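So this first bit is one chain, no partners, the form deposited in one PDB entry, shown in structure tokens.
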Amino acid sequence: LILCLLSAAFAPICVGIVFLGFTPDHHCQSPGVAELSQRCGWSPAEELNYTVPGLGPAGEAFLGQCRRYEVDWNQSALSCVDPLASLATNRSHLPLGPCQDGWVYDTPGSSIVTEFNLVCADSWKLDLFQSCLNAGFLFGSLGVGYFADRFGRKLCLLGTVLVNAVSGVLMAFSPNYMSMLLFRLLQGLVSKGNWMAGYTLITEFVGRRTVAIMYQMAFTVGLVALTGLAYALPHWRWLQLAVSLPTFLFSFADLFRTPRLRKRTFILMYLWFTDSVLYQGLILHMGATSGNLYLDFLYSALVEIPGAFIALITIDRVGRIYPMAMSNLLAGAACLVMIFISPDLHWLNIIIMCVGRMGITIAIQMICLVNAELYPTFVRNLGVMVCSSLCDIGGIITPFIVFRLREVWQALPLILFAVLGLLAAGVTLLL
């Protein structure tokens, strides 16, 4: 089943930013600190205490993660217990320039942020890393549909798979960030078409629910394997190469005219947008907040595992519309409750994250079926395409809010996610 391997390889494409683009605890690389360490060999914690500016009173880490001290280190370094105290009575009196000579990242491995220096003023480029993938996804969803009839349904599939694998492998060897983003764009252009084509072949050729749920199980197995490889392979180059190698070695007005289809299209577009935003934002919040990233990701994948089974059980008996509202409300409520969790608690945090991700899983399981079943035979493809288009729009928007509102308030992305989740739960009762 090479299609299961394709699904597994798709998982680190849409989600692997968590393990490739992780942000270590960095600070300005100040020359002369090595000389002071040679003069007296303090611990690295003492190095950060005596060199890096302290965190802000309101938990602002910007003053230490992106600023240095102008006090000379080569000279006037007689004091070692507290060199900054001798220079000035108050730490704030000393000049605080920018990271002129780079950064020092406190991880043994390597990351896209560590490699291309996507920190401080460039911290939005890590957002651009995922936004380019999702803009890819969108433009590729248009282009592959346009080009399928040009070269057939098999030559085009083979070409797109080859371009995906080659783009990933060349991504592992990207010299600068511009080539990185270009390969992300190409991979996004081809990869969504690859996944959708694989799903279509695994559904139609067999002659339905079982192969589909096995396909999402393949995706979750790919997520688990991504966690394992990220644990085994720290450097992002190694992880990207070892993820790309498997798959390499093997009308528009017909949905809006009548009020009946217009309202249903609006609801489905909003549901796709909201749940895509919730899923990607929850994953990114995990990446940017949890200090147990590997185990938290493994637990969330292992909770995605029974979410599909729960959805399959519910759709047989409960229905489709009713469990969608419950799952969306569960995700929104989990996001809302995580705001009030104290930083000391971690077990409750991961439990609530698992509940929210299970809710998102079940919600997406009913979204696929309801999207399929709410359109006529001729307009079903157009409806699915436009709904996935809004899904990709939400995917574009998600990084630029998840990683940018945290700079203003770490609980603001969670507030927005809760509002979106409860609004979607209320909305999906109108179908």
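In this text, the rigid core denotes the largest set of C-alpha atoms whose superposition between the two forms falls within 1.5 Å. Numbers for residues come from their place in the sequence shown, where the first is 1.
Form deposited in another entry: not shown, discussed below.
Undergrad: Spell out whether the Cα of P108 moves at least 2 Å between the shown form and the other one when the two forms are superposed on their rigid core.
TA: After core superposition, the C-alpha of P108 moves less than 2 Å between the shown form and the other one.
Undergrad: Quick one: core overlaid, is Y270 moving 2 Å or more at the Cα between the shown form and the other one?
TA: Passes the 2 Å threshold, so yes.
Undergrad: Answer yes if the CA of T314 moves 2 Å or more between the shown form and the other one after aligning the rigid core, and no otherwise.
TA: For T314, whose C-alpha is compared between the shown form and the other one after core superposition, the shift is 2 Å or more.
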